[PDB]
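Enquirer: Can you keep this structure in mind? I'll have questions shortly.
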Amino acid sequence: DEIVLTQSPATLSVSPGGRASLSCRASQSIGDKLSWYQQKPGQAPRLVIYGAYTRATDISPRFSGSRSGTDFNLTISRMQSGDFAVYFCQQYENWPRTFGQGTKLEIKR
Amino acid sequence: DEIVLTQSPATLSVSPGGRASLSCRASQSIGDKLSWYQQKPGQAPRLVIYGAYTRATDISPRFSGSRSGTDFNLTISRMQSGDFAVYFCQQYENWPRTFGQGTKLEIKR
Amino acid sequence: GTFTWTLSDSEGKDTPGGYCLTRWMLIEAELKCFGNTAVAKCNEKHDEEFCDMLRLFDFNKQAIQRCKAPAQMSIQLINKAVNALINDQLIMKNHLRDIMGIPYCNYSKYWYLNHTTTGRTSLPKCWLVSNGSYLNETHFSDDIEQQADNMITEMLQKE
Amino acid sequence: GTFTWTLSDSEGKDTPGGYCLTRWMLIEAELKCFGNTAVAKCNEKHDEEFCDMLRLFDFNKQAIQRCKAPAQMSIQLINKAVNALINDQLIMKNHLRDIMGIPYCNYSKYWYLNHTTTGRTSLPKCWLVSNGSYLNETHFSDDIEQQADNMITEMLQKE
Amino acid sequence: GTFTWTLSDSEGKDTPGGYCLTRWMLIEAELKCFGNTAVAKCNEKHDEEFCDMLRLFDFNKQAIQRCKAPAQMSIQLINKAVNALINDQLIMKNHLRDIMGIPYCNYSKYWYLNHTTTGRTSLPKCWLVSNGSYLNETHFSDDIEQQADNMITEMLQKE
Amino acid sequence: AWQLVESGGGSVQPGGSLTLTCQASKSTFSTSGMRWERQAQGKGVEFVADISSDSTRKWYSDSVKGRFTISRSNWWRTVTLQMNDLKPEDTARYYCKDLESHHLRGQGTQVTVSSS
Amino acid sequence: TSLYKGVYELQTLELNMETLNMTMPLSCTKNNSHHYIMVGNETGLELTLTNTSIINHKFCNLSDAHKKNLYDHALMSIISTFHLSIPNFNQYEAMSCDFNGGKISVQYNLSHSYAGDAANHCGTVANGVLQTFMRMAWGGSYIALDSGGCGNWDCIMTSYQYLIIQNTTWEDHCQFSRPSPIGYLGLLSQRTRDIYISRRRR
Amino acid sequence: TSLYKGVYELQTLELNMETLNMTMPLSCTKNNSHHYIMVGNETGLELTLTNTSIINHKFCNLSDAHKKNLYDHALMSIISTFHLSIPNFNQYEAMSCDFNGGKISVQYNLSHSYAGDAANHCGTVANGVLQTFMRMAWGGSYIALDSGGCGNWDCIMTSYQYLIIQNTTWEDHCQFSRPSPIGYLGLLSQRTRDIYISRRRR
Amino acid sequence: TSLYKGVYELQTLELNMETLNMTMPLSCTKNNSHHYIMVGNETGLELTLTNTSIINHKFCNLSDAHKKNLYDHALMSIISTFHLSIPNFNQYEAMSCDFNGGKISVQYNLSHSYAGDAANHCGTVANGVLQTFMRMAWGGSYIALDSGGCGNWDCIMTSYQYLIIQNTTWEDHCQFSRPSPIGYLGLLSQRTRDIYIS
Amino acid sequence: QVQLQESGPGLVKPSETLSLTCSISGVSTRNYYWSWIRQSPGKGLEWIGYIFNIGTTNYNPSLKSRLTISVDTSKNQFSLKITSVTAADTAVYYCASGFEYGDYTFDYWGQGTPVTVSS
Amino acid sequence: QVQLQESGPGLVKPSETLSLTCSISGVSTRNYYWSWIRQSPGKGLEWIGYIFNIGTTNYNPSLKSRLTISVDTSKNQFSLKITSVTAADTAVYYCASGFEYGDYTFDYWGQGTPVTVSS
Ligand SMILES: *[C@@H]1O[C@H](CO)[C@@H](O[C@@H]2O[C@H](CO)[C@@H](O[C@@H]3O[C@H](CO[C@H]4O[C@H](CO[C@H]5O[C@H](CO)[C@@H](O)[C@H](O)[C@@H]5O)[C@@H](O)[C@H](O[C@H]5O[C@H](CO)[C@@H](O)[C@H](O)[C@@H]5O)[C@@H]4O)[C@@H](O)[C@H](O[C@H]4O[C@H](CO)[C@@H](O)[C@H](O)[C@@H]4O[C@H]4O[C@H](CO)[C@@H](O)[C@H](O)[C@@H]4O)[C@@H]3O)[C@H](O)[C@H]2NC(C)=O)[C@H](O)[C@H]1NC(C)=O
Ligand SMILES: *[C@@H]1O[C@H](CO)[C@@H](O[C@@H]2O[C@H](CO)[C@@H](O[C@@H]3O[C@H](CO[C@H]4O[C@H](CO)[C@@H](O)[C@H](O[C@H]5O[C@H](CO)[C@@H](O)[C@H](O)[C@@H]5O)[C@@H]4O)[C@@H](O)[C@H](O[C@H]4O[C@H](CO)[C@@H](O)[C@H](O)[C@@H]4O)[C@@H]3O)[C@H](O)[C@H]2NC(C)=O)[C@H](O)[C@H]1NC(C)=O
Ligand SMILES: *[C@@H]1O[C@H](CO)[C@@H](O[C@@H]2O[C@H](CO)[C@@H](O[C@@H]3O[C@H](CO[C@H]4O[C@H](CO)[C@@H](O)[C@H](O[C@H]5O[C@H](CO)[C@@H](O)[C@H](O)[C@@H]5O)[C@@H]4O)[C@@H](O)[C@H](O[C@H]4O[C@H](CO)[C@@H](O)[C@H](O)[C@@H]4O)[C@@H]3O)[C@H](O)[C@H]2NC(C)=O)[C@H](O)[C@H]1NC(C)=O
Ligand SMILES: *[C@@H]1O[C@H](CO)[C@@H](O[C@@H]2O[C@H](CO)[C@@H](O[C@@H]3O[C@H](CO[C@H]4O[C@H](CO[C@H]5O[C@H](CO)[C@@H](O)[C@H](O)[C@@H]5O)[C@@H](O)[C@H](O)[C@@H]4O)[C@@H](O)[C@H](O[C@H]4O[C@H](CO)[C@@H](O)[C@H](O)[C@@H]4O)[C@@H]3O)[C@H](O)[C@H]2NC(C)=O)[C@H](O)[C@H]1NC(C)=O
Ligand SMILES: *[C@@H]1O[C@H](CO)[C@@H](O)[C@H](O)[C@H]1NC(C)=O
Ligand SMILES: *[C@@H]1O[C@H](CO)[C@@H](O)[C@H](O)[C@H]1NC(C)=O
Ligand SMILES: *[C@@H]1O[C@H](CO)[C@@H](O)[C@H](O)[C@H]1NC(C)=O
Ligand SMILES: *[C@@H]1O[C@H](CO)[C@@H](O)[C@H](O)[C@H]1NC(C)=O
Ligand SMILES: *[C@@H]1O[C@H](CO)[C@@H](O)[C@H](O)[C@H]1NC(C)=O
Ligand SMILES: *[C@@H]1O[C@H](CO)[C@@H](O)[C@H](O)[C@H]1NC(C)=O
């Protein structure tokens, strides 16, 4: 099926060294089989969070996640370096895997 | 079957606590298969340096040798006690196992 | 010295004996589990680095998974078992290799023989690392072959 | 060899199955060297006099080839190599003997049983020595009897 | 006997190199005895809490009249023989097991195998005890199987 | 951690009877030895007093040859100095160090001797 | 009982650790407190965990007790071993004694006012007393435990305020656990140097 | 991948030593200096060999800070193990501490009596600090520390004038090397209590 | 050697512990008062145990050994380990040194307080020195009884007064026992982990 | 570590086959869950369908179905064969796999090259 | 250590047989390179020959040849057998061997005894 999701509407701008509250809502009882991937302008996507809470290889301890049954939430303790980029939330319970629309983390003026 | 053994003809008397330069020149292809023997007045000779210049069992650390392909030199750093005796050099690369005339270590008056 | 932790005897895959680690414990790898016979060599102590690391990972499993949360960095309990988990002399031996330039064990990537068709994973030894990255997998080919032939020696016991 | 120090370099001339010594390292003996499981037993035991002394010989050979010792005697080198090389408790274990007691071991000479039809050998135990010179070969006859029988047990593994 | 308090055998059955325990030291018990492979193995492996317990039982039994015979509670005697009788590492290890819930043996209960054919016994391993009383033979039956299998291997030595 | 803190000094007139103290930690006090040192301004430290484990030999340096007493006490884990007959030379910063590498020298106590 | 492998039959033994009476102390716990160390068979120590105080505080005299070598001083090396093995003991006023009168009485101070640290932080005077208390009276120590297994091993703070030592004699104690000497040996084995030069073979 | 003997195949696995953060420390190095000991997931240490200095006073106070508990006290144990692990220090004038203010920052005055640059006598606060720094941080100690080699390892010379400790929080550490607990465990394992290790250890 | 079991033949070997020269020291004994810590093949140490003293001043400048650039420090790092390994060492007046002049010579006044192992406690510059310094001479140890009782055994002493560490290059000693590093290694692993003063 | 590079025929017109060529280096070609994913501006990302060993080759169930993705188990280089290319099919494709065994990781990720429908 | 002793016929007549008897004490016979050496005034030493086990018994190639050195493996004692004694044969004889196995050491040297040609 589709398993739609809207996450943040268009962009969650965060000032440097702030706090991020990226989200991803599931329309079905997905449970925990969810992951988060990031994509920069240039380069290619690389995963950051997999499983539900598990941290990925060579990723800072700042990145984390939350599970509310349907309303997943990805959080950043404090922005640093050039981590302003696009993020995707991925579901892998049912076979027809579908990715998120994509939310851009702009830079505060 | 001869292998000329010229070992410091006559004598090489040294002052007490001095330095000796006993030699044994090889006229044929010997390489590094040369051993030295030391004989006191009476008793039987005992080896001093085997192999090429390595100190053998027992033997004071003062004794040492050098290799130059054909010119083999036995060196005494700091003589002591009644080390004055006769010395021989022996070849064992081939199988005549010949011995040399030798050299007597006299005592300075 | 000696007389340290045996093992937790986890019930991971299907057996009472045997222990292994989850994906997050490993890096750039999936979940991997060895046979009970393979880890039995670590239950009886030896100077293999991997066995101590399993002990190091074993303590974390016991002290977190089924332990309350005194989250003030919990540095206190390790000093009690410092001589127990990690072999005191083996780590010092690795320190000597560090300054000699010898390929030394830095508690990282491990090499082990896997027998497709059975699952007889030899016990992983330490992939020694030199100044220029790890060894290129050919500097110790004879060492690997010893384990491979040693498996045939262990085959006789099995059959 | 003993699986210590410089990986695949604990060989005299060519022996790939173990460690081969040289006469200049021995006294009143020429080309006496072992191999196969005779030397590999050290890791299993790692608490016997010969293995500890052998490690120092390995430490000497590979510390003379490199480290570019400029006649400094490298006494600074052994300052933190006693733990990894020799069993500091083993010499302490010997410390309980020589004080007006049983014949002791000063790492002078060793004995072993040799099979003069195929080339089998056994790891040695140092000849116990007392004030009155070495023993007369009959004080510990039972010690060699078990060792001699142990060879037959290992022969079953070969068969 | 460099460090360990060597067990002086009780003649008991005859003189097989073994210790005999009396009725007045075991609760709900009668006379038993041990022989070869029981006290001899104590001098090799000191995991056995029984062997360490035996040394305390043996020493105090001799201590009433042997090394000294005071009426001063003999506190000063063993104050300078603490390490010989038992290994501090082992008893500290049980505490490390107590802290984090993994079952530990508090030097009270022991278990062993004993067949009715020849009457040979097994070196009685300490029975691990948790908060909910002792284990009921089900949580560690695998170790019992290992000893039973290990007994068969020892039978090969006899044969 | 928990270095050998020392206190008890001060500015006093000559001929007084002043007492010093020094605590310890790490449960290594009945076997490890201890020392005492004074660092007069313009020169480094110098040996003053030393005592190892239970009191067996507790003499002092030749520059002092006995003017105070050192008597450690396993239980209460402290050492005290009772001094008399002050002389201007003793004016310096004292130290309380242990032989074994288990602690570090105290912060320092300054004693001044002067009639005025 | 059950038979394993047919030929082999399992049997169990229980060591009545009572022969070790005139040589080493024996530690036990009765029901919930009053941990006792027994020596001499006629008297014993009395380690109790109670809120109320006993001693009149301060003036803990030591040199006054040096006259007696044994015979009500034999059960002092245990106390000396107990005190000398406490980690991180700093202040003298964290304990009081009443040795005068022919009886031994030692009272410990479990940080009567915890407001000094305002929490269970470390560095308190009586932070290792509870650590060594478990070792001395192992007995399956479940008195100072808050259920479960691993709990706050180091730097423990318990509701009890004082540990009191006395010289009780006999009321048939050691109910919850049997007497145990292993606890005493561990502390004594970590605070002494000794040798056992080879007497018998090897 | 490369088959060995054909019947058997080689496989590789790597262990991530970040799960061992709530039970033991972990050590990583960024590059050329500036090593770390990460404990838990909140705090951290700093081991920087720099030509600059941060301390302005030649004093070191520890007990006073401890009584007020100005620090978390978890990182202090690492400093205590690091300090006493130094062999043959004997010169506390070089050492300086600034525990006051809530931030831990000690510093060592390294071989300023031309003991490391002009000539490597290495008998005065020159090798002991660096020798511990070798074991504390494994971190491929051949460039990040200016190791040198087998050239009198008891005399390790460096051009860095001071060693500085701080209380840095978060800047995405562990670049050159993965975090490792072995560096800290070894110094602590050698320390333990260093009293007997007697009996029958093998 | 003798034939045992017929099938197997007994053999013996002897290791020449003389190549262990430029990596660690080697110790021996000449006869009943001498112990030479052989190092390299250009220098060495001697330990004369004689009733006659050599030191004339009760001063030891340990700093001058390192603060004056005297005879090569290859000899150093062995002298330090000696006095650090002494247990219960608190007697420094007996000790003395003559580092001045590049002629390092350390001397100890062994049990000059009437000797006799005191009455009960032997820890008076008597048991700590000889027991530890004998371990350097580990090969062979029998000089006296100790009356250790039912506990430890650390009161084996002799009537000698002075123990000295000269800077002799000696004249090819080590006749009674061959050089070996076991003696020095035992010293290094025992109590040599801290230099306060010692 | 696994390094992945892919190339494709950027010159594309509607209703013809398209075949990228993902390169696998320094690693085997069996027991690996190789996957195809594309990114199209104006839409999110879709999981084209993995290829595992030589058997199961699930192709995006019910979305496109016909994808015909084969694996060349001779030199470790697989490809793709799309059918009925449409205007919306323009996107940037990638090849990827998990931690040497798995389905929910997609760590080892390809470089990525674009394809455009032009005439 | 290996101890060797020798006794010989000091009385000798020109052009007759001559036989020594070197003694081996506390050591076996097989796997040892027993050798004969003699010293004559006015000339250096010469290696007379070696006897090894029972086979190879090389006798001083091209110098004397006829030496007929034999070994008696019954009491650990070997002997010599000269032929056609000449005036130059007046010398002092020695028997020696290597480190229990070898052919280039001649370490354990016996006492020896002088022999003179007399009539
Ligand atoms: C320091 O080391 C510690 C070691 O413990 C690190 O923390 C550990 O991190 C791992 C990451 O893999 C966690 O495992 C995973 O946990 C999630 C659940 O996450 C929640 O619960 C965690 C534990 O809490 C339990 O108990 C409380 C009550 O006490 C309950 O309320 C919970 O529901 C749980 O039951 C908790 O730790 C989590 O916190 C997260 O966020 C914080 C804040 O950022 C981080 O600090 C934490 O580290 C952590 O990231 C969170 O609150 C599980 O869902 C996972 O399940 C997988 O593993 C199971 C075995 O444990 C297995 O049975 C499951 O089937 C599942 O495995 C399968 O499925 C997965 C996806 O479904 C696949 O990915 C997988 O491959 C497999 O196919 C997983 O167990 C540990 O719980 C966590 N431990 C603790 C004590 O926190 C810490 O990160 C390290 N820090 C540093 C800086 O290095
Ligand atoms: C190692 O660890 C093991 C277990 O972890 C320890 O084993 C324990 O040993 C102690 C002492 O040997 C045991 O306590 C004894 O228990 C018996 C059994 O009696 C039972 O039945 C009674 C009714 O007939 C019952 O009353 C008992 O107690 C219950 O009731 C009381 C109230 O009265 C209540 O407080 C309890 O909680 C119980 O609910 C018990 O259920 C008992 O008869 C013994 O009596 C003692 O007290 C009397 C008083 O007169 C005295 O005369 C006796 O001599 C004895 O002192 C004693 O209480 C305990 O049961 C064992 N644990 C288990 C699980 O079996 C072992 O001791 C540890 N090692 C060491 C060295 O200690
Ligand atoms: C035991 O010994 C082994 C072998 O020495 C250790 O293995 C090493 O582990 C560390 C940590 O995992 C590795 O460092 C990491 O490498 C990654 C990979 O990045 C690669 O690609 C980069 C380009 O994209 C490249 O720049 C990297 O470095 C090269 O280039 C720089 C210049 O830029 C140069 O200075 C280097 O010398 C290299 O030539 C590298 O090739 C790297 O990305 C990591 O840095 C950051 O990565 C992400 C980026 O966002 C960030 O989030 C992370 O937090 C991290 O900070 C990191 O540097 C190292 O490569 C391994 N060794 C080898 C030979 O590969 C092992 O760690 C040891 N054990 C323990 C316990 O430490
Ligand atoms: C702390 O431990 C010490 C142990 O060191 C305990 O002190 C020991 O006590 C025993 C006796 O209690 C002394 O030896 C014996 O003394 C006997 C005289 O007393 C009576 O003992 C027996 C009573 O016990 C019987 O009944 C109980 C049940 O009630 C049974 O469990 C037990 O097995 C008995 O069956 C009876 O025999 C009788 O009533 C006696 O009058 C002697 O008779 C006895 O002789 C024995 O000698 C041999 C060695 O034991 C034995 O093999 C023979 O068979 C023979 O029977 C023996 O001398 C110890 O001397 C004494 N120890 C020391 C060091 O002196 C102490 O009680 C304990 N404290 C506590 C509080 O438990
Ligand atoms: C380190 O080891 C490598 C072997 O991989 C060698 O080539 C190099 O010379 C060594 N030294 C340095 C400084 O890299
Ligand atoms: C010497 O050794 C013998 C045994 O070889 C022994 O009987 C004797 O007591 C020892 N001591 C002396 C002085 O002989
Ligand atoms: C001494 O040992 C030797 C070994 O060769 C033996 O022949 C001799 O009989 C022994 N003598 C005594 C008295 O034990
Ligand atoms: C009591 O014992 C049981 C074992 O039966 C154990 O699971 C539990 O943790 C222990 N503690 C409590 C408070 O029940
Ligand atoms: C343990 O086994 C006994 C029988 O031996 C049984 O009565 C008891 O219920 C069992 N307990 C558990 C927890 O299995
Ligand atoms: C339990 O504690 C109370 C203190 O309120 C004490 O009176 C009682 O005797 C204790 N129970 C015992 C020792 O069994």
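FYI, nothing fancy with the structure tokens labels: chains A, B, ... in order, residues from 1 per chain, ligands from 1 as they appear.
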Using only C-alpha atoms and a cut-off of 6 Å, which residues of chain C sit close to chain J? Please list them as a PyMOL selection string.
Expert: chain C and resi 28-30
Enquirer: Can you check the Cα RMSD once chain A has been least-squares fitted onto chain B over every paired atom, in order?
Expert: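 It comes to 0.7 Å after superposition.
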Enquirer: Please, which residues have at least one atom within 7 Å of an atom of ligand 1, using only C-alpha atoms and all ligand atoms, listed as a ChimeraX atom specification?
Expert: /A:32-33,50-55,61,63-65 /C:22-24,31,64-65 /H:18-22,40-41
Enquirer: Please, which residues have at least one atom within 12 Å of an atom of ligand 4, using only C-alpha atoms and all ligand atoms, listed as JSON, numbers by chain?
Expert: {"E": [12, 20, 21, 22, 23, 24, 25, 26, 27, 28, 29, 30, 31, 57, 58, 59, 60, 61, 62, 63, 64, 65, 69, 70, 71, 72, 73, 74], "G": [16, 17, 18, 19, 20, 21, 22, 23, 24, 25, 26, 38, 39, 40, 41, 42, 43, 44, 169, 170, 171, 172, 173, 174, 178, 179]}
Enquirer: Could you work out how far atom CA of residue 157 of chain G lies from atom CA of residue 176 of chain G, giving the answer in Å with one decimal?
Expert: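 Atom-to-atom, atom CA of residue 176 of chain G and atom CA of residue 157 of chain G are spaced 23.4 Å apart.
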Enquirer: What does the list of residues within 12 Å of ligand 7 look like if you count only C-alpha atoms and all ligand atoms, written as a list in words?
Expert: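 The residues within 12 Å of ligand 7, counting only C-alpha atoms and all ligand atoms, are residues 132, 133, 134, 135, 136, 137, 138 and 139 of chain D; 1 and 2 of chain I; 1, 2, 25, 26, 27 and 28 of chain K.
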Enquirer: Select the residues contacting ligand 3 at a distance of at most 9 Å, based on only C-alpha atoms and all ligand atoms, then format the selection as a tab-separated table (two decimals) with N, CA and C atoms, in the first residue's frame.
Expert:
```tsv
chain	number	residue	atom	x	y	z
A	57	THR	N	26.25	3.88	12.15
A	57	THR	CA	27.70	3.89	12.11
A	57	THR	C	28.23	5.31	11.92
A	58	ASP	N	29.19	5.69	12.75
A	58	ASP	CA	29.89	6.97	12.62
A	58	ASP	C	28.91	8.14	12.53
A	59	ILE	N	27.98	8.19	13.47
A	59	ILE	CA	27.05	9.30	13.61
A	59	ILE	C	27.14	9.83	15.03
A	60	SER	N	27.09	11.15	15.17
A	60	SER	CA	27.32	11.77	16.46
A	60	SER	C	26.24	11.36	17.46
A	83	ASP	N	25.43	20.46	9.18
A	83	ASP	CA	24.37	19.45	9.23
A	83	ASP	C	23.03	19.94	8.69
C	105	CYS	N	47.71	-5.48	17.97
C	105	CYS	CA	46.27	-5.66	18.15
C	105	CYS	C	45.71	-4.43	18.85
C	106	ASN	N	44.87	-3.67	18.15
C	106	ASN	CA	44.25	-2.47	18.70
C	106	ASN	C	42.76	-2.66	18.96
C	107	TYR	N	42.31	-3.90	19.11
C	107	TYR	CA	40.93	-4.21	19.50
C	107	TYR	C	39.95	-3.62	18.48
C	108	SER	N	40.03	-4.17	17.28
C	108	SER	CA	39.33	-3.68	16.10
C	108	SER	C	38.99	-4.89	15.24
C	109	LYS	N	38.76	-4.65	13.94
C	109	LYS	CA	38.38	-5.69	12.99
C	109	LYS	C	39.06	-7.03	13.27
C	128	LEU	N	45.86	-7.90	13.32
C	128	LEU	CA	46.86	-6.95	13.76
C	128	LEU	C	46.96	-5.79	12.77
C	129	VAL	N	47.18	-4.59	13.30
C	129	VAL	CA	47.23	-3.36	12.51
C	129	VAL	C	48.61	-2.74	12.65
C	130	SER	N	49.17	-2.31	11.52
C	130	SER	CA	50.44	-1.61	11.47
C	130	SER	C	50.18	-0.11	11.33
C	131	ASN	N	51.25	0.66	11.11
C	131	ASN	CA	51.08	2.11	10.98
C	131	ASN	C	50.23	2.45	9.77
C	132	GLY	N	50.48	1.78	8.64
C	132	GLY	CA	49.73	2.01	7.42
C	132	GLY	C	48.49	1.14	7.32
C	133	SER	N	47.46	1.48	8.09
C	133	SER	CA	46.19	0.75	8.05
C	133	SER	C	46.40	-0.70	8.49
C	134	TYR	N	45.38	-1.53	8.31
C	134	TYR	CA	45.50	-2.94	8.66
C	134	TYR	C	46.42	-3.65	7.68
H	15	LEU	N	33.98	-4.47	15.86
H	15	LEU	CA	33.21	-4.19	17.06
H	15	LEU	C	33.16	-2.69	17.31
H	16	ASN	N	31.95	-2.18	17.56
H	16	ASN	CA	31.76	-0.77	17.88
H	16	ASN	C	31.83	-0.60	19.39
H	17	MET	N	32.90	0.03	19.87
H	17	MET	CA	33.10	0.24	21.30
H	17	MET	C	32.49	1.57	21.75
H	26	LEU	N	35.80	5.37	27.41
H	26	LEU	CA	36.20	5.13	26.03
H	26	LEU	C	37.12	6.25	25.58
H	27	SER	N	38.19	5.90	24.86
H	27	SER	CA	39.24	6.84	24.49
H	27	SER	C	39.38	6.93	22.98
H	28	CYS	N	39.39	8.15	22.45
H	28	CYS	CA	39.60	8.40	21.03
H	28	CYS	C	40.47	9.64	20.87
H	29	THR	N	41.04	9.80	19.68
H	29	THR	CA	41.97	10.88	19.37
H	29	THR	C	41.57	11.53	18.05
H	30	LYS	N	41.64	12.87	18.00
H	30	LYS	CA	41.24	13.58	16.79
H	30	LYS	C	42.37	13.63	15.76
H	31	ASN	N	43.44	14.36	16.07
H	31	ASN	CA	44.68	14.27	15.30
H	31	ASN	C	45.79	15.12	15.92
H	138	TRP	N	45.18	4.74	23.39
H	138	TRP	CA	45.77	3.86	22.39
H	138	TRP	C	45.88	4.62	21.08
H	139	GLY	N	44.73	4.95	20.48
H	139	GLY	CA	44.61	5.91	19.40
H	139	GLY	C	45.74	5.95	18.38
H	140	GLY	N	46.27	4.79	18.00
H	140	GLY	CA	47.40	4.75	17.09
H	140	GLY	C	48.51	5.69	17.50
H	172	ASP	N	31.93	16.75	18.28
H	172	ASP	CA	32.01	15.64	17.33
H	172	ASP	C	33.43	15.06	17.28
H	173	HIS	N	33.80	14.42	18.39
H	173	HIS	CA	35.16	13.94	18.59
H	173	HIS	C	35.41	12.65	17.79
H	174	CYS	N	36.53	12.00	18.09
H	174	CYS	CA	36.86	10.66	17.60
H	174	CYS	C	36.92	10.62	16.07
H	175	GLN	N	37.90	11.36	15.54
H	175	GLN	CA	38.14	11.42	14.10
H	175	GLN	C	39.19	10.40	13.66
H	176	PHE	N	40.41	10.51	14.20
H	176	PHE	CA	41.49	9.64	13.75
H	176	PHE	C	41.25	8.19	14.15
H	177	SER	N	40.73	7.95	15.35
H	177	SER	CA	40.58	6.61	15.88
H	177	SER	C	39.21	6.43	16.51
H	178	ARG	N	38.70	5.20	16.43
H	178	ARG	CA	37.46	4.84	17.08
H	178	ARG	C	37.64	4.87	18.60
H	179	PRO	N	36.60	5.19	19.37
H	179	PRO	CA	36.72	5.09	20.83
H	179	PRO	C	37.07	3.68	21.27
H	180	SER	N	37.93	3.60	22.29
H	180	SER	CA	38.45	2.34	22.81
H	180	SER	C	38.45	2.39	24.34
H	181	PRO	N	37.94	1.36	25.02
H	181	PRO	CA	38.11	1.30	26.48
H	181	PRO	C	39.44	0.74	26.93
H	182	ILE	N	40.21	0.12	26.03
H	182	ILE	CA	41.41	-0.59	26.47
H	182	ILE	C	42.44	0.38	27.03
```
Enquirer: Can you tell me which residues surround segment 186-200 of chain G at a distance of at most 7 Å, considering only C-alpha atoms, apart from same-chain residues fewer than 2 positions away, and format the answer as a PyMOL selection string?
Expert: (chain D and resi 96-97) or (chain E and resi 1-3+80-84+88+91-92) or (chain G and resi 81+85+182-184+202) or (chain I and resi 151-153)
